[PDB]
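One structure is given below, encoded as structure tokens.
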Amino acid sequence: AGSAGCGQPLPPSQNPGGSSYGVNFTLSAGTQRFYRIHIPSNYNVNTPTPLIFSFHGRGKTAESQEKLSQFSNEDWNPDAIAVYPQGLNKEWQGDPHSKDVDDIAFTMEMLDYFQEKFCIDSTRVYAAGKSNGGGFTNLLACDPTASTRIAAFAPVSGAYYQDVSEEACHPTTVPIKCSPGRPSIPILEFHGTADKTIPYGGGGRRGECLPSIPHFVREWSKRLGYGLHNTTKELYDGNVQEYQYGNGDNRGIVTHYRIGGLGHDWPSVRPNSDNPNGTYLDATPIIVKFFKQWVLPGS
Ligand SMILES: *[C@@H]1O[C@H](CO)[C@@H](O)[C@H](O)[C@H]1NC(C)=O
Ligand SMILES: *[C@@H]1O[C@H](CO)[C@@H](O)[C@H](O)[C@H]1NC(C)=O
Ligand SMILES: *[C@@H]1O[C@H](CO)[C@@H](O)[C@H](O)[C@H]1NC(C)=O
Ligand SMILES: [K+]
């Protein structure tokens with residue numbers, strides 16, 4: 001359904017296309033937050049419009065995450081409003097350093113604002129993120145309320161920190177704290193095998209515990225009721241494996257791209273702020289296609 005903002009003109013300072021706008025936004029409980037919003041050039045106030053949240057890595061900004069993730073590039077994302085929120089202290093809820101910052105409330109209040117002021121398709125609200133932002137994407141998927149409002153989730157090199165000491169950290173078996181509020185949560189996860197910051201194999205980090213990425217992906221396939229069975233595809237001369245979980249009916253509802261030799265990088269063929277060399281594929285068009293595949297079901 002199109003939101004309450006359908007028929008409302010854009011804020012007086014905004015018009016479609018061009019550069020993203022920086023906006024200060026004060027949450028109900030009084031914390032002033034910040035986001036950048038990119039309005040697609042084809043925006044129409046009467047047309048229910050999809051929306052993508054894109055969350056930066058630790059130590060990064062909304063501005064750098066816009067350039068990194070390319071959701072404002074209309075060659076790759078012609079139709080969706082792109083929103084780049086700023087994390088307090090350049091980090092997100094879920095990081096070992098983040099204390100009593102409710103970024104889930106920030107995201108839910110932002111979405112309520114966008115529904116009020118824009119023509120939002122509430123069946124096509126999405127979240128993606130790099131590293132700490134990818135961890136935060138997973139926390140939205142794992143939140144009883146946020147999981148029912150956001151259609152699909154694309155953590156890239158995400159940091160799924162569990163409150164377990166390095167010494168007690170068993171990355172293949174560590175419980176992953178998660179309470180999705182509906183079945184069939186769509187998860188698209190990209191990870192490099194040579195990631196030193198958020199290792200593919202997980203393990204102790206900064207005093208806490210990261211799961212292995214296969215464990216992360218398997219717990220998503222399992223908790224949604226689809227067991228451990230995958231299909232595998234070889235891509236780019238076998239340098240990339242694509243794993244798709246689900247049955248014949250929902251094949252891919254959980255998908256993982258394993259990128260051989262890739263470090264802690266948003267995948268791009270061209271150089272980006274993360275990686276000067278480029279890799280085999282662009283993650284962003286795959287994410288946009290995944291979002292298109294998986295809308296929020298009625299009820
Ligand atoms: C947002 O709020 C901060 C804090 O007062 C201010 O310095 C900044 O210029 C404001 N930015 C915008 C875009 O309104
Ligand atoms: C997919 O299944 C095969 C066994 O069929 C397994 O060896 C592989 O590790 C699985 N992929 C992931 C990401 O767990
Ligand atoms: C990028 O490629 C260069 C060679 O052109 C290589 O020496 C370097 O280690 C690569 N990776 C990074 C992260 O700079
Ligand atoms: K390259």
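Atoms within each ligand, like the ligands themselves, are counted from 1 in listed order. Each residue takes its place number in the sequence, starting with 1.
Of all protein heavy atoms, the one closest to atom 9 (O) of ligand 2 is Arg218 NH2, 3.0 Å.
Close approach to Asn230 involves these atoms of ligand 2, each under 4.0 Å from a residue heavy atom: 1 (C), 2 (O), 3 (C), 8 (C), 10 (C), 11 (N), 12 (C). Of all atoms in ligand 3, listed by their number and element, those nearer than 4.0 Å to a heavy atom of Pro276 are 14 (O). For ligand 2, the atoms sitting less than 4.0 Å from at least one non-hydrogen atom of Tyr245 are 11 (N), 12 (C), 13 (C), 14 (O), numbered in the order shown with element in parentheses.
Checking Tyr126, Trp76, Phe71 one by one against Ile287, the side chain to side chain contact (heavy atoms under 4.5 Å, CB included) holds for a single residue, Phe71. Shown are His264, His215, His256; of these, the ring pair (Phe, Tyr, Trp, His ring centres under 6.0 Å) with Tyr200 is made only by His256.
Within the 4.0 angstrom cut-off, atom 7 (O) of ligand 2 has no protein heavy-atom neighbours. Within a 4.0 Å radius of atom 11 (N) of ligand 2, the protein contributes at least one heavy atom. For atom 14 (O) of ligand 3, the nearest protein heavy atom lies under 4.0 Å away.
Here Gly278 reaches the K ion (ligand 4): one of its N/O/S atoms is less than 3.4 Å from the metal. Coordination check, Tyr280 versus the K ion (ligand 4): failed, since every N/O/S atom of the residue sits at 3.4 Å or beyond.
Geometrically, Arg218 does not engage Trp220 in a cation-pi contact defined by less than 6.0 Å to the ring centre and at most 45° from the axis.
Using a 4.0 Å cut-off between charged side-chain N and carboxylate O, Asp274 and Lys60 make no salt bridge.
Of the listed options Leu262, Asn277, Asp274, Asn277 places a heavy atom closest to atom 1 (C) of ligand 3.
Under the 3.5 Å distance criterion, with hydrogens and angles disregarded, no donor-acceptor pair is assigned to the side chains of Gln241 and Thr232.
Around CD of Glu234, the count of heavy atoms belonging to other residues, nucleotides or ligands within 6.0 Å exceeds 12.
Under the 4.5 Å side-chain heavy-atom criterion for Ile, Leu, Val, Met, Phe, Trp and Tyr, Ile198 and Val156 are members of distinct hydrophobic clusters.
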